[PDB]
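**Student:** So the protein sequences, as listed, match chains F, E, A, X, U and W. Count along the first sequence starting at 1, add 2, and that's the number in the entry's author numbering. Count along the second sequence starting at 1, add 2, and that's the number in the entry's author numbering. Count along the third sequence starting at 1, add 26, and that's the number in the entry's author numbering. Count along the fourth sequence starting at 1, add 110, and that's the number in the entry's author numbering. Count along the fifth sequence starting at 1, add 110, and that's the number in the entry's author numbering. Count along the sixth sequence starting at 1, add 84, and that's the number in the entry's author numbering. Each residue gets a CB set at the ideal place from its N, CA and C atoms; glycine is no exception. Take this structure, written in structure tokens, and hold onto it; I'll ask about it next.
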Amino acid sequence: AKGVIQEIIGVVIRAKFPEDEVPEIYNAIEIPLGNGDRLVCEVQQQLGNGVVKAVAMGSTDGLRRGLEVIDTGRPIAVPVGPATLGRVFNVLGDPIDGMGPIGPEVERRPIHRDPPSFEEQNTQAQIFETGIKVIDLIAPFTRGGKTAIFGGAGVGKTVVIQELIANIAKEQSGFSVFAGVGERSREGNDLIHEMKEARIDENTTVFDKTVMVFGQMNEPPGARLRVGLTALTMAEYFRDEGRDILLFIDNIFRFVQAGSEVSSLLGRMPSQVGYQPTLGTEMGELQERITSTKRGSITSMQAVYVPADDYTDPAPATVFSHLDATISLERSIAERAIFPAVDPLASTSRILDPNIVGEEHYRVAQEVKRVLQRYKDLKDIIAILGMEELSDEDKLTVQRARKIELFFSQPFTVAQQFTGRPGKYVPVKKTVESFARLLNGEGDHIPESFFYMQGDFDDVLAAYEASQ
Amino acid sequence: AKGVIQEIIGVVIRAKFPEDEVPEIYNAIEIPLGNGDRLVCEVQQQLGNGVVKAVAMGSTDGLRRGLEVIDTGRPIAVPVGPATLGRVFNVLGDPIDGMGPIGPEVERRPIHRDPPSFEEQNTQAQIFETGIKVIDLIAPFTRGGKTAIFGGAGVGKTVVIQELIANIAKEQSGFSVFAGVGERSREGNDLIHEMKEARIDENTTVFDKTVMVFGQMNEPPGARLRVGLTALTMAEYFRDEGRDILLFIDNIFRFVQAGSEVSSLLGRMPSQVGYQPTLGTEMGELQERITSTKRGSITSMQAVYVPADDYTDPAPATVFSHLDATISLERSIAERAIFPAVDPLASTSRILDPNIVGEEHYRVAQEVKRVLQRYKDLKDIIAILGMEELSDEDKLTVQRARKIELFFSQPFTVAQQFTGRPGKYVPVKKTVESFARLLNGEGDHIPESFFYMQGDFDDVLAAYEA
Amino acid sequence: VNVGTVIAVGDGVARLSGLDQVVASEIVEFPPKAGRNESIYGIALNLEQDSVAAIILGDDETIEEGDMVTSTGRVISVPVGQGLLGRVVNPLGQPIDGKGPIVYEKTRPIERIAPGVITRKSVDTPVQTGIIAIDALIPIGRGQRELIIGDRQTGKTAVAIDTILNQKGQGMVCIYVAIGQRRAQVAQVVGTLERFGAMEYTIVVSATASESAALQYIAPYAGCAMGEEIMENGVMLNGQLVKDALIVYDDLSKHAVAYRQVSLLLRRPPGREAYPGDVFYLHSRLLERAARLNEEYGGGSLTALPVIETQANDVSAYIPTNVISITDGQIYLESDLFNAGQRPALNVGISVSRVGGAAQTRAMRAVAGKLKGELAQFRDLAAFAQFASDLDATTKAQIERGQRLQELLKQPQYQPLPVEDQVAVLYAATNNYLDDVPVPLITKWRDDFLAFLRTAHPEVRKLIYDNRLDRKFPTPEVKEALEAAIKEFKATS
Amino acid sequence: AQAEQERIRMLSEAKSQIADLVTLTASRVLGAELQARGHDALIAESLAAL
Amino acid sequence: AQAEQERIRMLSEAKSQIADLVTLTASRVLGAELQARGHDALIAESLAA
Amino acid sequence: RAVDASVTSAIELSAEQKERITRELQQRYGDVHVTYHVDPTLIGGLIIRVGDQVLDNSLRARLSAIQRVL
Ligand SMILES: Nc1ncnc2c1ncn2[C@@H]1O[C@H](COP(=O)(O)OP(=O)(O)OP(=O)(O)O)[C@@H](O)[C@H]1O
Ligand SMILES: Nc1ncnc2c1ncn2[C@@H]1O[C@H](COP(=O)(O)OP(=O)(O)O)[C@@H](O)[C@H]1O
Ligand SMILES: [Mg+2]
Ligand SMILES: [Mg+2]
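This is how it looks when you write it as structure tokens:
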């Protein structure tokens, strides 16, 4: 203990310690900082002569060289238990809501824990109903399986997450954990608090069954880099005791970005597009803890930001292999006001198998992808020449493909402000029936304009009949 | 002063000086070359203990490490004043024409000056009446504003360059500056000397009314980088004298490329196409002393080579960030129109707004552009169908568009291959009313081919009378 | 009192050997020497061993090896308070308008962590931009971050300055941070603000294109610190304490370019598009400070209007997508619409406001929901309009109504409209009270109608303004009053 | 208006010169009066401060 | 000429010179004891301009 | 010892004044490596740069008055 700061490079603080009292790799060292409040840095690399490199996880823009550094001797420990339910925490586990601090009797666990072994993995999987047509048909979510929503900036990742929470966070049969890493502090939280305290399952709000860690974008890189692990530590306690956990992590991409910034400050050699050389390892360390084990299940539902509209960027590229169900949000589809914006061709799922999701569901989804493909192949032919040069069956499939594109649009309860239409909860069975009817030929006479922002096929038929 | 050369790597040297009296940045250290001549290097960085990294701005082939280095204590001195009018200089301010040296009595200002302060700027933008017909109407200049000219090896670029100097002398003070950044020794220096000296107005050569600065292709990147600032320094004397000055920079993109090469040689990391990281700041050091101040104003006209056809290229993008007007010389119209071949649809101007040039000028310009756009849209129909399928109320507009595209010809006081037509200087006040009347039905009688270099609507009526 | 010496003046970065007890973001002084009367400051950022690299806030041409420096004992900070109002200032807070020294009692540090999550509230109060299209289709609430993204000369600065002008009696303190803009443009903008009397409540922070890249990198943070001083403490404006501020960061693409220069000259690794890895963090830590604090934390707000310039209408670039992912909406200005005469060029299809739709006057939403619907109808039927009037009659009337609405949205520069005027005009346009008016005359019809209401019927405007907050705006009394006013105007016309 | 501005421009240089000259004369009064008031008695203040 | 007249009035010591010098001395050099040892005439003695 | 003082007073100092200055440095070591540059431009004080800390009592209040007045 009792080290001194040698260098201050960004949020990377180099501190020298006595030769026999150096901190371990992930210990949490503290600068007193005066005023009775401390700055908790996390060690990353043990250099020579008791020299260590630590990530500030804080402002670190008013502290000089030679300042005393205190080695806590243990990694960043965060509270776990029912005491964390209905509370809001920092990356450090310190509550930031108005309520009081977590008492000492509450168990504290390190945020750097080994992931579950291979023996502990849970292979069981079944469809998780979301009420969203395109998600429930093309890429069905798994109960206890990782899924992520990929998309650019303007596309609706956060609105999809908010509708998903409003849909499934009432019938939890367990607790849930939310982690908006590097997200807007406006919508990412304090607007989700409003809806999570407005929703009331049974004499208790959804917020009362939710642990919440933010580390929003305003924070420096270290907080965004370790907030994901803090949230996973919060959720793992409930998983281990058998409670089913819903895990929402926002923009895992900001976790990777904060890692990249910290690595750049750490002197590592950049990999690919300025990214950290330890990209895959950090990603795995975060994501292998997001697993449903035999003791309990975690139904993770992540969001991922792709730099601009780039899907070959290293961060989403590493995310794609860490998922059971993939969803891709396209800028082009969103610009067409088909706001759920999920690309059926770029979205897949592991449980889209007739043994699991059902034979009719699988047939309808595969046909809705075949038809969608035909349209992507004929896209240029339609673009320059026109629709009339196609054969009769190609023309019919193109019109049906456009109707399918319009039909994946769905109003959301949380998106009622943008589209005046009220939200529609479409069960997966009704989605399968609607798309089977659409492919069968029913609804061919209907103009494509009536498939926009509707529920099941019955609503489309009712709208057409009201229009005569 | 009195340092020694420590290291020579191409056109980047490192001179070691005493611990005190180190040269500042951009201090123009001078190396004697064993004769009357010398090598002037510009300090770009300070290193270690008294070591300064400088760009050669010369041959740097006869040098040896250990030669004496003399610190001048200021940026590259440039002669200024009427002594520079009618003379041709390189980046260092030495004359490269046949005449002798400038001499010691002439004022020498630092090449690296600050732009005019915030309080000196002109609050209100004023049109710089050029005298052209198409430009003074479609792409009006701005007094103290930057203007681009495109087209590469088009036609009418050079004649417009000389005509603007001729008109600026006729209307404004007249003094002009040509900054030949990366100017070819054959194509762009001797030929332009002959063109300027042969071009004469009111018994005065255009050469005598302009000062030319040439950073040649063969000179190292530093010379081509700082030749623009040398030209600015020469122009700012006359601006400070209250005169209106027109600064011509040939291929500002070559200034950008010289900056990129200097940054690459200095070891700086590249930026976004391999360009210099200091692209915005370098383009702001230049093109920000080009402003209209309370005392005087430096209007400018910068030829711009768009890399390939990518205008979004950092180089033309950062140039467009600093542009107030654009003139687009096009090859298709250049096939037959060797008079100013400005494409009226592709040439725009920021100042062409009702608030500044008035409501009448804006109305006339918009109507002319509308008619020409209608003709552009119907060009394919005319080529395919013919004049007969084209209905009524558009055949009139197509004929009017032919006549008005022909009426963007101007008889020049000074021209290449002088056609003999008397020079004419048409103000904006005349141009607006002339084109308004041409759009008001008058002039429908004279055939389209007799609009070659007419000049004014009163002259149109006079030509129709004969 | 603590000193060091410059050992190498690099690419805008001095090294400052031996300057211990300097904090990690201190502002060093470089006291004046012979040949330099004024002090030029720098930010000590890389506090490495036996060397403190410092970015020079100014031209590095003036400093030299062995020059003394004096740590000021303060993190990088700018003067703030009421004294900044009506002053064009440097990012350092030094005045550049020449009116005199800045009077201030306290200085707030730039580059702080934003207030947070709990210290916030959903925006409820509207920011009246004064543009019909923006105020009706992309509502902006106080504390919202609305990106004004476009393509070079499209009217982004025009929209921002129109917004700033409209906040005259609105109890708002405007801030305009010019980052990388030409000094001529900033001078013209300040002249526009002064001639319309909007300078009495406006602060201007100017880091022009010639200024060193160290400036233009702290300029938005200086402006945001001033805005935060307004947000938390507040200033007296028109005798009433205002804790709401509006900050126009202007071109943040130039801000990102300046930070790219600063990073690359510091030999930091480049990332995507050669930008540093933390350019997103730059813009995020900048913009997240623009918040709407709840009543417990003062109740103030700071509205941000960042401007991004796109290349060739490419909204899918790196920095534009970064700022879109940071901010709460987009006012997308199209170049095609701008050149086609729709001078307040606005891609209504993709311009949106995530938050602030609720922060609209109830009259405005009640009148403009169907306006958005009709504009959507027009944009849908524009594709089918390629046929020469082969569609049916009622949809032809819909297309004509959409054309009339589009002409109505067209609004001249430097002429903001009060909310009562805007809602009256949109009521007229949406009740089918303009279908007989020919398309080219609609702008003059609007101007004449507003002049009529200003002169003939002040009481109708007062009644509309007073009754703008109620749940059901089309009340019978105001409905019939406005009906009588418009019928009288149309009979007169 | 522009002539008033131009006159102020010349006055601005004159005003700056007058201010600098007045302050420099005030300083030189200390410099001239230093010999009579004491040439090297200023060390007392430094000892207390240091 | 107007600026010349104003500058002549200012250069006339009675306008501001002696007062400014005395104020600066009392503010900086000595606690209202600028004259200290001698300097009785030396004060503004060489204030030529 | 290793601290270095850099005293700069307007007029050249006599031996007794130099010894008084050295006694002034008894707070740190008494006799550190001290170098006396003259710098006649400064008036009425001495700039003691002991280590990396300076003490300014010479001419700089009047020059602050210049900075504010100009
Ligand atoms: N609503 C409007 N009505 C009329 N003219 C307008 C309007 N808005 C902008 N303009 C004109 O458009 C031109 C460009 O406007 P502005 O200065 O806002 O551009 P900008 O988008 O900020 O571009 P730049 O990147 O060059 O700063 C100017 O002539 C301005 O007068
Ligand atoms: N169901 C929906 N209906 C209408 N608009 C939607 C819907 N979902 C998303 N959007 C649009 O998406 C935008 C918000 O996207 P967001 O979820 O914030 O993405 P990101 O978090 O990547 O910025 C809103 O402006 C809204 O217009
Ligand atoms: Mg602008
Ligand atoms: Mg939203």
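Three Cβ pairs or more, each shorter than 8 Å: is that satisfied between the segment 68–81 of chain A and the segment 119–127 of chain A?
**Tutor:** The answer is no - the segment 119–127 of chain A does not touch the segment 68–81 of chain A, with fewer than three Cβ pairs under 8 Å.
**Student:** Would the beta-carbon of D73/F fall within 8 Å of that of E137/A?
**Tutor:** No. Outside cutoff.
**Student:** What does the alpha-carbon distance come out to for the pair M285/E and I151/E?
**Tutor:** When rounded, the distance between both Cα atoms is 17 Å.
**Student:** Measure from the alpha carbon of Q401/F to the alpha carbon of each residue in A417/F, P449/F and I358/F, then state which is nearest.
**Tutor:** Comparing Cα-Cα distances from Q401/F to each of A417/F, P449/F and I358/F, the minimum goes to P449/F.
**Student:** On a Cα-Cα basis, can you pick out the residue from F255/E, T207/E and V344/E that is closest to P309/E?
**Tutor:** Taking only the C-alpha atoms, the option nearest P309/E is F255/E.
**Student:** So, does the CB of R117/U fall closer than 8 Å to a CB anywhere in chain W?
**Tutor:** So no, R117/U is outside the interface.
**Student:** Can you tell me whether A403/F sits near ligand 2, meaning its C-beta is under 7 Å from at least one heavy atom of the ligand?
**Tutor:** Not under cutoff, so the answer is no.
**Student:** Is DSSP giving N205/F helix, strand or coil here?
**Tutor:** It is coil, neither helix nor strand.
**Student:** If I follow the unbroken alpha helix (DSSP H) through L380/E, where does it start and stop?
**Tutor:** Here the alpha helix (DSSP H) through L380/E covers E361 to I386.
**Student:** On the three-pair Cβ rule with 8 Å, is the segment 163–183 of chain A touching the segment 355–363 of chain A?
**Tutor:** Segments in contact, yes.
**Student:** Take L288/E and list the residues in its own chain whose beta-carbon comes closer than 6 Å to its own, dropping the five residues that flank it on each side.
**Tutor:** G230, listed in sequence order.
**Student:** Under the criterion of a Cβ to heavy atom distance below 7 Å, does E189/F qualify as lining ligand 4?
**Tutor:** Yes - ligand 4 has a heavy atom lying nearer than 7 Å to the Cβ of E189/F.
**Student:** Confirm the yes/no value for this check: CB of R380/A, any heavy atom of ligand 2, distance under 7 Å.
**Tutor:** At least one heavy atom of ligand 2 is nearer than 7 Å to the Cβ of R380/A, so yes.
**Student:** Thinking C-beta only, is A343/E closer than 8 Å to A336/E?
**Tutor:** Against a cut-off of 8 Å, the Cβ pair of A343/E and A336/E comes out as a contact.
**Student:** Just to check my reading of the structure: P316/F and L281/F have Cβ atoms closer than 8 Å, yes? What is that Cβ distance to the nearest angstrom?
**Tutor:** Their Cβ separation, rounded to whole angstroms, is 6 Å, which keeps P316/F and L281/F in contact under 8 Å.
**Student:** Are the Cβ atoms of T189/A and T155/A separated by less than 8 Å?
**Tutor:** Going by C-beta atoms, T189/A is nearer than 8 Å to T155/A.
**Student:** Give a yes or no on whether the minimum CB-CB distance between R133/W and chain A is below 8 Å.
**Tutor:** Output row for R133/W: interface = yes.
**Student:** In angstroms with no decimal places, state the Cα-to-Cα distance between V104/A and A316/A.
**Tutor:** Straight-line Cα distance between these residues: approximately 17 Å.
**Student:** In the DSSP output, what is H324/E paired with across the bridge?
**Tutor:** The partner list for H324/E (beta bridge, DSSP) is empty, contrary to what the question assumes.
**Student:** With distances taken Cα to Cα, identify the nearest neighbour of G367/A among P356/E, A339/E, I340/E and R338/E.
**Tutor:** Closest by alpha carbon: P356/E.
**Student:** Using a C-beta to C-beta distance shorter than 9 Å, which residues of chain A count as neighbours of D123/W?
**Tutor:** By Cβ distance, chain A contributes nothing, its closest Cβ being about 11 Å from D123/W, past 9 Å.
**Student:** Thinking C-alpha only, which one of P112/F, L87/F and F250/F is nearest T207/F?
**Tutor:** The shortest C-alpha separation from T207/F is found at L87/F.
**Student:** Which residues bound the alpha helix (DSSP H) around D394/F?
**Tutor:** Per DSSP, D394/F belongs to the alpha helix (DSSP H) from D394 to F410.
**Student:** Name the one or two DSSP bridge partners that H121/W has.
**Tutor:** Its beta-bridge partners are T92/W.
**Student:** When you compare the CB positions of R369/A and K436/A, do they come within less than 8 Å of one another, or not?
**Tutor:** Contact flag set, yes.
**Student:** Using CA coordinates, which residue listed in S411/E, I292/E and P272/E is at the minimum distance from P118/E?
**Tutor:** The candidate whose alpha carbon is nearest that of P118/E is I292/E.
**Student:** Does any residue of chain U bring its CB to less than 8 Å from the CB of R146/W?
**Tutor:** Taking Cβ atoms only, chain U reaches closer than 8 Å to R146/W, which makes this a yes.
**Student:** Let me confirm a value: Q242/A is counted as buried when at least 16 other C-beta atoms fall within 10 Å, else exposed. Which label applies?
**Tutor:** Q242/A should be labelled buried.
**Student:** Check the Cβ-Cβ distances between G148/U and every residue of chain X, and say whether any is below 8 Å.
**Tutor:** Chain X, which has a Cβ nearer than 8 Å to the Cβ of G148/U, makes this yes.
**Student:** Considering only residues of the same chain and omitting the five flanking positions on each side of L443/A, which have a CB-CB separation below 6 Å?
**Tutor:** Closer than 6 Å at the Cβ level, and outside the excluded window around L443/A, lie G156.
**Student:** Counting only beta-carbon separations shorter than 8 Å, does residue 73/X have a partner in chain U?
**Tutor:** With chain X represented from 111 up to 160, any question about residue 73/X goes unanswered, as that position is not in the structure.
**Student:** Using the Cα positions of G95/F and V215/F, report the straight-line distance between them to the nearest angstrom.
**Tutor:** Near 8 Å, if we compare the C-alpha coordinates of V215/F and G95/F.
**Student:** Since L157/X meets chain W, which of its residues come closer than 7 Å, beta carbon to beta carbon?
**Tutor:** Simply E108.
**Student:** May I ask you to list the residues that DSSP assigns as paired with residue 14/A?
**Tutor:** The structure shown does not extend to residue 14/A, since chain A is modelled only from 27 to 519, so the question has no answer here.
**Student:** Between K159/F and ligand 2, is there a pair consisting of the residue's CB and a ligand heavy atom that are separated by less than 7 Å?
**Tutor:** Answer for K159/F: yes, Cβ within range of ligand 2.
**Student:** Under DSSP, the beta strand (DSSP E) around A79/A begins and ends at which residues?
**Tutor:** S77 to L83 is the extent of the beta strand (DSSP E) around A79/A.
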